[PDB]
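To start, the structure under review is shown below, and the notes come after it.
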Amino acid sequence: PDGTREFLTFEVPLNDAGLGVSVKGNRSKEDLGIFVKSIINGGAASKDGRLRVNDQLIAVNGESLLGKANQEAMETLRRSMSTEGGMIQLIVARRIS
Amino acid sequence: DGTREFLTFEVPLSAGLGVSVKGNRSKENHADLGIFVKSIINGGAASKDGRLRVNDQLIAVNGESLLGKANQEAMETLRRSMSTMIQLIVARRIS
Amino acid sequence: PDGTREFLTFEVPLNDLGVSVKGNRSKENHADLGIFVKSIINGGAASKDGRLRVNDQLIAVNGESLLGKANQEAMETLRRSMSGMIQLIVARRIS
Amino acid sequence: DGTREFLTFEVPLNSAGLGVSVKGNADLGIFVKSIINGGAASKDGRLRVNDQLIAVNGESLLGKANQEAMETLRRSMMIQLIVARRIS
Amino acid sequence: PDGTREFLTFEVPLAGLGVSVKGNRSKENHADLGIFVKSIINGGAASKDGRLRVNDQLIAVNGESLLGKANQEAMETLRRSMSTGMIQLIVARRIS
Amino acid sequence: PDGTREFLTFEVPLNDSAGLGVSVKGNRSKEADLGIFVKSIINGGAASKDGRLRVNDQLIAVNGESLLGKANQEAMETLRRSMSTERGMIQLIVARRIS
Amino acid sequence: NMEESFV
Amino acid sequence: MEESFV
Amino acid sequence: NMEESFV
Amino acid sequence: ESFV
Amino acid sequence: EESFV
Amino acid sequence: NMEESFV
């Protein structure tokens, strides 16, 4: 959707492999960012409960994903997750109800 | 002096935004406050989109922050970022 | 480990600050959490202004982020950024 | 699409799927189009793009049409895969 | 003849395939072995394509297996599968 | 299975009941049934004389009858059943590691 | 301070 | 031994 | 065409 | 193209 | 179960 | 405990 989002941050603990989510790039016509597509049940994110589907990932441990294109942003995200090889600070953008 | 929250939305692309923006300064504290939407020109991209609102403070454009600088530089950065869909980050009052 | 926060910004005027901040760290996850407002000195600039609150996380000061840094570096950056009016970005719990 | 050999391997899970997209194709078969990075298939490392899916936990596809085969695959979701992979 | 064999698959574009095939039997041991390529007609679809070889065992045709069947039934299944311009073969070919 | 595996097929001849002359074991996931695997090949057995079958080969099919969709118990049954001949010869399909 | 119309 | 052409 | 990952 |  | 056959 | 008062 092309609506209004606010920024939220929370810390997600690890080491229960990873966050336990799938993310997808979004594009339109002529792009939009990286978004949570699904949350794997039993995953770190699932246990923690705060991350939601359709949240846009904005930053990971201080590493912004803005300004980048979906390709670069995805890269930056994977890079920032290779922490081990136990806590991720997420900044997300979530649509206002 | 009021409290603001950060919002983001995408505005599609008068192949510009169609807004007037003005710098704000504090007289007594000799200090630039930021760039704020003064008006949103009817028929403009911003008008069609509907999400940007008067008195929104512009915080970033396609990831390019407007914050760590003065009204002059910030305004420049904004114009520059439009010459080369805009992703806006704004700060909007809760007060 | 618990808490969702939202990002807010406001300007705090000076007698042209009255606040203590502390680092937070997680024992078991061996991790710095950030810089948080510990206390607000009554009569201070922050107190007069009224918007800053205890347990607010300091995110940025006059445009200078504190985020990627460790508690030590962040604290440094903050003090440095104090050399009329301070623009704070904080993260405040909503849940 | 050249000459293919048949390979079989077991892919562990846990939760999430296999983590691949598959595409059909006169009707030929189901082929791995992409392998989603981080997914079970990616971690396991043996499945490759352009591998033809031949069987899943002993359920053959082949005889079927792309539509039916795709169905059978979804239905059938540690997975024993049989793939056909080009040598030439 | 059967020796030890590996499975290969290829699609052959297209008169028919342009090969003769023959059932193999073990006299002693009273056992049908399968259907095998006896010859490849030069200029035929299989010849042009080049992958199929003499003594290849036919294992499946467009997904219809010939295994489990006896030579007569298997031969039938093969002819049937050829009547209904692309044939997907699975063959078994000796490595030893 | 245990690795990446290839399918091979060969015929094994029999004699006047003896069977293949091998022990097989069902294999299971510690943490799902994996299949039937050759554990040992008894010297002098039909399989031994023939020389092609190897330890750790997965049995995939017998005279065309797959063992794959089945569970270890059923598969084992199917295998034993497929042995009698009331002369004789079993067509095996095995899966063997290449890497 | 200045105002800039961004047409 | 039912040689066919196919 | 697509763009997807697991983290 | 379909996910599995 | 480890069985002869 | 890394505290930073501003007085």
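Naming works like this for the structure tokens: A, B, ... for the chains as they're shown, residue 1 at the start of each chain, ligands 1 onward in shown order.
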Practice problem: Tell me, as a PyMOL selection string, which residues lie within 12 Å of residue 66 (chain A), counting only C-alpha atoms; anything in the same chain fewer than 5 positions away does not count. | Solution: (chain A and resi 31-34+56-60+71-74+76-77+91-93) or (chain B and resi 8+60-65+87-89)
Can you write just those residues out, N, CA and C atoms, as a PDB file, in the first residue's frame?
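This is the output file out33.pdb:
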ATOM      1  N   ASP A  31      12.705  -0.022  -5.509  1.00  0.00           N
ATOM      2  CA  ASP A  31      11.965   1.256  -5.665  1.00  0.00           C
ATOM      3  C   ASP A  31      11.376   1.735  -4.333  1.00  0.00           C
ATOM      4  N   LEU A  32      10.648   0.896  -3.573  1.00  0.00           N
ATOM      5  CA  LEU A  32       9.864   1.380  -2.446  1.00  0.00           C
ATOM      6  C   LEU A  32      10.506   1.018  -1.104  1.00  0.00           C
ATOM      7  N   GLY A  33      11.214  -0.115  -1.053  1.00  0.00           N
ATOM      8  CA  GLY A  33      11.939  -0.506   0.143  1.00  0.00           C
ATOM      9  C   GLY A  33      11.871  -2.011   0.368  1.00  0.00           C
ATOM     10  N   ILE A  34      12.376  -2.460   1.520  1.00  0.00           N
ATOM     11  CA  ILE A  34      12.327  -3.855   1.916  1.00  0.00           C
ATOM     12  C   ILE A  34      11.243  -4.027   2.974  1.00  0.00           C
ATOM     13  N   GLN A  56       8.099  -2.079   7.055  1.00  0.00           N
ATOM     14  CA  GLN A  56       9.236  -1.756   6.213  1.00  0.00           C
ATOM     15  C   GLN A  56      10.474  -1.721   7.101  1.00  0.00           C
ATOM     16  N   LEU A  57      11.541  -2.409   6.684  1.00  0.00           N
ATOM     17  CA  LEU A  57      12.780  -2.383   7.434  1.00  0.00           C
ATOM     18  C   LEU A  57      13.513  -1.110   7.055  1.00  0.00           C
ATOM     19  N   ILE A  58      13.871  -0.332   8.073  1.00  0.00           N
ATOM     20  CA  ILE A  58      14.464   0.979   7.895  1.00  0.00           C
ATOM     21  C   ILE A  58      15.935   0.949   8.309  1.00  0.00           C
ATOM     22  N   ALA A  59      16.274   0.172   9.347  1.00  0.00           N
ATOM     23  CA  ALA A  59      17.625   0.185   9.870  1.00  0.00           C
ATOM     24  C   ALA A  59      17.859  -1.042  10.745  1.00  0.00           C
ATOM     25  N   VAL A  60      19.121  -1.490  10.760  1.00  0.00           N
ATOM     26  CA  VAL A  60      19.518  -2.668  11.504  1.00  0.00           C
ATOM     27  C   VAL A  60      20.815  -2.361  12.237  1.00  0.00           C
ATOM     28  N   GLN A  71      18.113  -3.825  -4.101  1.00  0.00           N
ATOM     29  CA  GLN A  71      19.245  -4.733  -4.223  1.00  0.00           C
ATOM     30  C   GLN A  71      20.291  -4.430  -3.148  1.00  0.00           C
ATOM     31  N   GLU A  72      20.701  -3.161  -3.090  1.00  0.00           N
ATOM     32  CA  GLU A  72      21.754  -2.746  -2.180  1.00  0.00           C
ATOM     33  C   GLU A  72      21.258  -2.929  -0.742  1.00  0.00           C
ATOM     34  N   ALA A  73      19.993  -2.543  -0.504  1.00  0.00           N
ATOM     35  CA  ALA A  73      19.367  -2.570   0.814  1.00  0.00           C
ATOM     36  C   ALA A  73      19.318  -3.995   1.349  1.00  0.00           C
ATOM     37  N   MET A  74      18.864  -4.912   0.490  1.00  0.00           N
ATOM     38  CA  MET A  74      18.846  -6.323   0.819  1.00  0.00           C
ATOM     39  C   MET A  74      20.253  -6.772   1.222  1.00  0.00           C
ATOM     40  N   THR A  76      22.829  -4.943   2.361  1.00  0.00           N
ATOM     41  CA  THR A  76      23.143  -4.309   3.633  1.00  0.00           C
ATOM     42  C   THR A  76      22.516  -5.061   4.806  1.00  0.00           C
ATOM     43  N   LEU A  77      21.287  -5.547   4.604  1.00  0.00           N
ATOM     44  CA  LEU A  77      20.536  -6.250   5.631  1.00  0.00           C
ATOM     45  C   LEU A  77      21.224  -7.567   5.964  1.00  0.00           C
ATOM     46  N   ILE A  91      14.737  -0.832  13.333  1.00  0.00           N
ATOM     47  CA  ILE A  91      13.872   0.310  13.113  1.00  0.00           C
ATOM     48  C   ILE A  91      12.960  -0.049  11.953  1.00  0.00           C
ATOM     49  N   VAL A  92      11.645   0.016  12.186  1.00  0.00           N
ATOM     50  CA  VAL A  92      10.684  -0.304  11.147  1.00  0.00           C
ATOM     51  C   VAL A  92       9.793   0.904  10.907  1.00  0.00           C
ATOM     52  N   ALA A  93       9.140   0.892   9.746  1.00  0.00           N
ATOM     53  CA  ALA A  93       8.090   1.839   9.446  1.00  0.00           C
ATOM     54  C   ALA A  93       6.782   1.079   9.259  1.00  0.00           C
TER      55      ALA A  93
ATOM     56  N   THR B   8       6.685   8.741   7.228  1.00  0.00           N
ATOM     57  CA  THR B   8       7.212   8.611   5.882  1.00  0.00           C
ATOM     58  C   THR B   8       6.095   8.168   4.946  1.00  0.00           C
ATOM     59  N   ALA B  60      13.805  14.451   5.461  1.00  0.00           N
ATOM     60  CA  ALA B  60      14.645  13.705   4.533  1.00  0.00           C
ATOM     61  C   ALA B  60      13.924  13.493   3.208  1.00  0.00           C
ATOM     62  N   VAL B  61      14.696  13.378   2.132  1.00  0.00           N
ATOM     63  CA  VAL B  61      14.181  13.189   0.787  1.00  0.00           C
ATOM     64  C   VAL B  61      14.989  12.090   0.102  1.00  0.00           C
ATOM     65  N   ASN B  62      14.322  10.989  -0.224  1.00  0.00           N
ATOM     66  CA  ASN B  62      14.937   9.789  -0.763  1.00  0.00           C
ATOM     67  C   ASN B  62      16.128   9.368   0.087  1.00  0.00           C
ATOM     68  N   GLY B  63      16.065   9.569   1.407  1.00  0.00           N
ATOM     69  CA  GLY B  63      17.108   9.103   2.307  1.00  0.00           C
ATOM     70  C   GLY B  63      18.152  10.172   2.625  1.00  0.00           C
ATOM     71  N   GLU B  64      18.135  11.276   1.868  1.00  0.00           N
ATOM     72  CA  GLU B  64      19.042  12.397   2.044  1.00  0.00           C
ATOM     73  C   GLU B  64      18.492  13.300   3.148  1.00  0.00           C
ATOM     74  N   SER B  65      19.144  13.281   4.311  1.00  0.00           N
ATOM     75  CA  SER B  65      18.667  14.019   5.468  1.00  0.00           C
ATOM     76  C   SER B  65      18.783  15.511   5.208  1.00  0.00           C
ATOM     77  N   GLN B  87      10.495   9.862  -1.855  1.00  0.00           N
ATOM     78  CA  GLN B  87      10.255   9.327  -0.520  1.00  0.00           C
ATOM     79  C   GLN B  87      10.486  10.433   0.499  1.00  0.00           C
ATOM     80  N   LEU B  88       9.407  10.893   1.149  1.00  0.00           N
ATOM     81  CA  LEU B  88       9.523  11.921   2.170  1.00  0.00           C
ATOM     82  C   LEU B  88       9.590  11.285   3.558  1.00  0.00           C
ATOM     83  N   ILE B  89      10.398  11.907   4.423  1.00  0.00           N
ATOM     84  CA  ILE B  89      10.278  11.758   5.855  1.00  0.00           C
ATOM     85  C   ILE B  89       9.960  13.131   6.420  1.00  0.00           C
TER      86      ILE B  89
END
Quiz prompt | Long-range neighbours of region 16-25 of chain C as a PyMOL selection string, 10 Å cut-off, only C-alpha atoms, 2 positions minimum in chain | solution = (chain B and resi 28-30) or (chain C and resi 12-14+27-49+52-58+70-72+74-75+82+84-86) or (chain L and resi 1-7)
Store the residues of this selection in a file with C-alpha atoms, as a PDB file, in the first residue's frame.
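Output file selection04.pdb follows:
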ATOM      1  CA  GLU B  28      15.539  35.050  20.822  1.00  0.00           C
ATOM      2  CA  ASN B  29      17.712  31.912  20.694  1.00  0.00           C
ATOM      3  CA  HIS B  30      19.493  32.890  17.460  1.00  0.00           C
TER       4      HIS B  30
ATOM      5  CA  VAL C  12      14.796  22.771  23.741  1.00  0.00           C
ATOM      6  CA  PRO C  13      15.801  26.444  24.371  1.00  0.00           C
ATOM      7  CA  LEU C  14      18.752  27.549  26.535  1.00  0.00           C
ATOM      8  CA  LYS C  27      24.020  -8.459  30.739  1.00  0.00           C
ATOM      9  CA  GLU C  28      23.052 -11.696  29.019  1.00  0.00           C
ATOM     10  CA  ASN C  29      23.183 -10.555  25.369  1.00  0.00           C
ATOM     11  CA  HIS C  30      26.472  -8.667  25.856  1.00  0.00           C
ATOM     12  CA  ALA C  31      25.123  -5.557  24.133  1.00  0.00           C
ATOM     13  CA  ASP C  32      24.993  -1.770  24.570  1.00  0.00           C
ATOM     14  CA  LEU C  33      21.397  -0.515  24.288  1.00  0.00           C
ATOM     15  CA  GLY C  34      21.874   3.253  23.949  1.00  0.00           C
ATOM     16  CA  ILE C  35      21.839   6.492  25.931  1.00  0.00           C
ATOM     17  CA  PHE C  36      18.740   7.101  28.063  1.00  0.00           C
ATOM     18  CA  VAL C  37      17.474  10.071  30.062  1.00  0.00           C
ATOM     19  CA  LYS C  38      18.067   9.169  33.714  1.00  0.00           C
ATOM     20  CA  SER C  39      16.826  12.347  35.375  1.00  0.00           C
ATOM     21  CA  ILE C  40      15.637  15.880  34.651  1.00  0.00           C
ATOM     22  CA  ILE C  41      16.906  18.564  37.014  1.00  0.00           C
ATOM     23  CA  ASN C  42      14.039  20.777  38.123  1.00  0.00           C
ATOM     24  CA  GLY C  43      14.466  24.366  36.922  1.00  0.00           C
ATOM     25  CA  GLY C  44      16.772  23.181  34.111  1.00  0.00           C
ATOM     26  CA  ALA C  45      16.244  24.165  30.466  1.00  0.00           C
ATOM     27  CA  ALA C  46      14.782  20.703  29.819  1.00  0.00           C
ATOM     28  CA  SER C  47      12.462  21.045  32.804  1.00  0.00           C
ATOM     29  CA  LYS C  48      11.189  24.474  31.740  1.00  0.00           C
ATOM     30  CA  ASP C  49      10.607  23.152  28.215  1.00  0.00           C
ATOM     31  CA  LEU C  52      11.848  15.510  27.378  1.00  0.00           C
ATOM     32  CA  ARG C  53      10.992  12.595  29.687  1.00  0.00           C
ATOM     33  CA  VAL C  54      12.867  10.075  31.806  1.00  0.00           C
ATOM     34  CA  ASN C  55      13.655   6.839  29.960  1.00  0.00           C
ATOM     35  CA  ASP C  56      13.608   8.594  26.579  1.00  0.00           C
ATOM     36  CA  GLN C  57      16.411   7.194  24.426  1.00  0.00           C
ATOM     37  CA  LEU C  58      18.588   9.887  22.836  1.00  0.00           C
ATOM     38  CA  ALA C  70      28.635   2.454  21.554  1.00  0.00           C
ATOM     39  CA  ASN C  71      27.525   4.024  24.808  1.00  0.00           C
ATOM     40  CA  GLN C  72      30.930   5.649  25.368  1.00  0.00           C
ATOM     41  CA  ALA C  74      27.549   8.178  21.878  1.00  0.00           C
ATOM     42  CA  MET C  75      27.938   9.993  25.183  1.00  0.00           C
ATOM     43  CA  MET C  82      26.433  20.993  22.949  1.00  0.00           C
ATOM     44  CA  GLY C  84      20.590  28.978  21.600  1.00  0.00           C
ATOM     45  CA  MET C  85      18.527  25.836  21.101  1.00  0.00           C
ATOM     46  CA  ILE C  86      19.120  22.048  20.961  1.00  0.00           C
TER      47      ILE C  86
ATOM     48  CA  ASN L   1      26.956   3.035  34.533  1.00  0.00           C
ATOM     49  CA  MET L   2      28.278   5.729  32.213  1.00  0.00           C
ATOM     50  CA  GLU L   3      26.413   8.855  33.283  1.00  0.00           C
ATOM     51  CA  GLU L   4      26.641  12.369  31.785  1.00  0.00           C
ATOM     52  CA  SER L   5      24.998  15.242  33.680  1.00  0.00           C
ATOM     53  CA  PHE L   6      24.717  18.648  31.924  1.00  0.00           C
ATOM     54  CA  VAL L   7      23.982  21.011  34.893  1.00  0.00           C
TER      55      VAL L   7
END
Quiz item: Which polymer residues have any atom within 10 Å of an atom of residue 60 (chain D), counting only C-alpha atoms, with same-chain residues fewer than 5 positions away left out, as a ChimeraX atom specification?
Solution: /D:53-55,69,72-73,81-82 /E:63 /F:68-69
Please write the residues from the selection above to a file, keeping N, CA and C atoms, as a PDB file, in the first residue's frame.
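What ended up in selection26.pdb:
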ATOM      1  N   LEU D  53      12.398 -30.771 -11.176  1.00  0.00           N
ATOM      2  CA  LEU D  53      11.891 -31.560 -10.066  1.00  0.00           C
ATOM      3  C   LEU D  53      11.210 -32.792 -10.636  1.00  0.00           C
ATOM      4  N   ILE D  54      11.645 -33.964 -10.171  1.00  0.00           N
ATOM      5  CA  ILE D  54      11.227 -35.243 -10.708  1.00  0.00           C
ATOM      6  C   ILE D  54      10.352 -35.985  -9.702  1.00  0.00           C
ATOM      7  N   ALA D  55      10.644 -35.837  -8.399  1.00  0.00           N
ATOM      8  CA  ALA D  55       9.915 -36.565  -7.379  1.00  0.00           C
ATOM      9  C   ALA D  55      10.146 -35.939  -6.008  1.00  0.00           C
ATOM     10  N   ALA D  69       1.316 -31.245 -11.695  1.00  0.00           N
ATOM     11  CA  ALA D  69       2.623 -31.471 -11.086  1.00  0.00           C
ATOM     12  C   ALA D  69       2.875 -30.448  -9.985  1.00  0.00           C
ATOM     13  N   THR D  72       0.720 -31.387  -7.041  1.00  0.00           N
ATOM     14  CA  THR D  72       1.323 -32.511  -6.343  1.00  0.00           C
ATOM     15  C   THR D  72       2.481 -32.065  -5.449  1.00  0.00           C
ATOM     16  N   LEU D  73       3.259 -31.099  -5.942  1.00  0.00           N
ATOM     17  CA  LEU D  73       4.421 -30.589  -5.234  1.00  0.00           C
ATOM     18  C   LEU D  73       3.988 -29.869  -3.959  1.00  0.00           C
ATOM     19  N   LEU D  81      14.300 -35.170  -2.293  1.00  0.00           N
ATOM     20  CA  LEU D  81      14.149 -34.689  -3.657  1.00  0.00           C
ATOM     21  C   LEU D  81      14.823 -35.646  -4.631  1.00  0.00           C
ATOM     22  N   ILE D  82      14.198 -35.798  -5.802  1.00  0.00           N
ATOM     23  CA  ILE D  82      14.857 -36.315  -6.985  1.00  0.00           C
ATOM     24  C   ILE D  82      14.789 -35.224  -8.039  1.00  0.00           C
TER      25      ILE D  82
ATOM     26  N   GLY E  63       6.991 -39.663 -19.558  1.00  0.00           N
ATOM     27  CA  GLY E  63       6.564 -39.833 -18.179  1.00  0.00           C
ATOM     28  C   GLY E  63       5.880 -41.175 -17.924  1.00  0.00           C
TER      29      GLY E  63
ATOM     30  N   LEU F  68       9.724 -46.298  -2.572  1.00  0.00           N
ATOM     31  CA  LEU F  68      10.079 -44.945  -2.151  1.00  0.00           C
ATOM     32  C   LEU F  68       8.978 -44.289  -1.336  1.00  0.00           C
ATOM     33  N   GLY F  69       7.750 -44.232  -1.872  1.00  0.00           N
ATOM     34  CA  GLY F  69       6.652 -43.622  -1.156  1.00  0.00           C
ATOM     35  C   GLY F  69       6.304 -44.338   0.149  1.00  0.00           C
TER      36      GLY F  69
END
Exercise. Write out as JSON, numbers by chain all residues of region 4-97 of chain A that DSSP puts in strand (DSSP E or B) for this structure's backbone.
Key: {"A": [5, 6, 7, 8, 9, 10, 11, 12, 13, 21, 22, 23, 24, 25, 26, 33, 34, 35, 36, 37, 38, 39, 56, 57, 58, 59, 60, 63, 64, 87, 88, 89, 90, 91, 92, 93, 94, 95]}
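Across the structure, CA of residue 63 (chain C) and CA of residue 36 (chain B) are spaced 16.1 Å apart.
Selecting chain D residues within 9 Å of chain J and counting only C-alpha atoms yields residues 17, 18, 19, 20, 21, 22, 23, 24, 33, 34, 70, 73, 74 and 77 of chain D.
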Using the selection just defined, write its residues with C-alpha atoms as a PDB file, in the first residue's frame.
ATOM      1  CA  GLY D  17       9.316 -23.896   3.286  1.00  0.00           C
ATOM      2  CA  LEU D  18      11.986 -25.179   0.887  1.00  0.00           C
ATOM      3  CA  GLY D  19      12.594 -21.558  -0.076  1.00  0.00           C
ATOM      4  CA  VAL D  20      12.566 -21.745  -3.878  1.00  0.00           C
ATOM      5  CA  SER D  21      10.442 -20.512  -6.775  1.00  0.00           C
ATOM      6  CA  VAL D  22       9.611 -23.009  -9.529  1.00  0.00           C
ATOM      7  CA  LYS D  23       8.306 -22.464 -13.081  1.00  0.00           C
ATOM      8  CA  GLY D  24       6.663 -24.706 -15.689  1.00  0.00           C
ATOM      9  CA  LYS D  33      13.622 -20.819 -11.189  1.00  0.00           C
ATOM     10  CA  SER D  34      15.327 -19.332  -8.135  1.00  0.00           C
ATOM     11  CA  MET D  70       2.722 -28.106  -9.353  1.00  0.00           C
ATOM     12  CA  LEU D  73       4.421 -30.589  -5.234  1.00  0.00           C
ATOM     13  CA  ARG D  74       2.531 -28.146  -2.973  1.00  0.00           C
ATOM     14  CA  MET D  77       4.908 -30.083   1.437  1.00  0.00           C
TER      15      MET D  77
END
Quiz item: What are the DSSP helix (DSSP H, G or I) residues of chain A, as a PyMOL selection string?
Solution: chain A and resi 44-48+70-81
So that I can see what lies close to residue 3 (chain H), please list as a compact mmCIF listing (two decimals) with C-alpha atoms, in the first residue's frame the residues with an atom at most 8 Å from it, counting only C-alpha atoms and leaving out residues fewer than 6 positions away in the same chain.
# COMPACT_ATOMS: atom_id res chain seq x y z
CA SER E 20 14.39 -50.18 -34.00
CA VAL E 21 13.99 -51.56 -30.47
CA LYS E 22 14.06 -55.18 -29.25
CA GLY E 23 13.06 -56.98 -26.04
Self-check item: Shell of 10 Å around residue 66 (chain F), only C-alpha atoms, local chain residues under 4 positions omitted, as a PyMOL selection string
Solution: (chain D and resi 58) or (chain E and resi 67-68) or (chain F and resi 59-62+70+75+78-79+92-93)
